[PDB]
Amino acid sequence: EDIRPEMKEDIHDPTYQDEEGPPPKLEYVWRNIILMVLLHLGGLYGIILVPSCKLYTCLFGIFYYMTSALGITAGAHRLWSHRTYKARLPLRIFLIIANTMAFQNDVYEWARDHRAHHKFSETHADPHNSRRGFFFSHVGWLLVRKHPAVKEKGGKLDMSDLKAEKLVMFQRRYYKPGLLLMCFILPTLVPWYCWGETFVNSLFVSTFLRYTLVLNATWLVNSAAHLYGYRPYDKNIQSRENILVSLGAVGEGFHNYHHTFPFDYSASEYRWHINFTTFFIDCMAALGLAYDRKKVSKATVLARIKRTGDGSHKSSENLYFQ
């Protein structure tokens, strides 16, 4: 059925394929390459600095990880890219601040790539085309120029819903000072001042390592979740169910389900099963900050499993009622 007719720019289009001849060579962006290397070097140095950190520093890092995660999953992903539920201003203010902490480009840019990632999955119009391998879909696409198909096909996507949202456009306008404050400055000064953590530890652990972990956990949804796992809902696509990815990406590891039903607010068959994001949204709904949560019916899901499933769903039947 059509449970979300307000938006259809994330529906997979099997019609579009790569038929423009041999693909052009990759064009390296050395500025991004250098910065990405230095970031992971600093993050690695943070790991060996963890045992010398205070308890609050480690706890603050986890808190900042989880909050930033919600900014991507509950906000950039399920809310603004897919429109799977409606959030009121206080929650949207939280999510837009949380998203800014995560530093994965502004919401508008994030959703524009993501809608293209769903419509033209596994093609040259897919920003993280998994056909190019693990490395490209993981981080490689952030180091090279986008394929012309991304710009052309993606440019035909409707983004007017995000253009008309004042909060989204507000973040885009002031994204540079925002990301500097929320992703680098504040999470470094807070441990430095509040519980007397050293500046070195706060910089490499509470900022560099944390941000590095958020990135790679997110990137695993593009790489690992497109290569390893089962496909209980649709075997014809490359999206996979990955439990480990769900743990790291607070519930975004059920990727086979999600690509099959991009309009589901839980991004999974079961709501709270290894899905902290859905649990968060449901809590917000209890407070009256969120509503119009769209869940695919059991009948539709069960019928799709019969039609295009790989047969691995038999082991996950009747886990929960919801």
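Start at 1 with the first residue shown and count on from there.
- The stretch 228 to 236 shows the higher mean C-alpha B-factor when 94 to 102 is compared against 228 to 236 in the entry.
- The PDB entry records a higher mean C-alpha B factor for 131 to 139 than for its counterpart among 72 to 80 and 131 to 139.
- Across the residues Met66, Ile274, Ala285, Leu41, the deposited record lists the maximum Cα B factor for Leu41.
- For the set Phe120, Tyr211, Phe199, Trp110, the PDB entry puts the maximum C-alpha B factor at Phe199.
- Per-chain ranking of the deposited C-alpha B factor places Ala116 in the lowest third.
- Ranked against the other modelled residues of its chain, the C-alpha B-factor of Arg293 as given in the entry falls in the middle third.
- Compared with the other modelled residues of the chain, the Cα B-factor recorded for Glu269 ranks in the middle third.
- Among all modelled residues in its chain, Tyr56 ranks in the highest third by Cα B-factor.
- When all modelled residues of the chain are sorted by CA temperature factor, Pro187 is found within the highest third.
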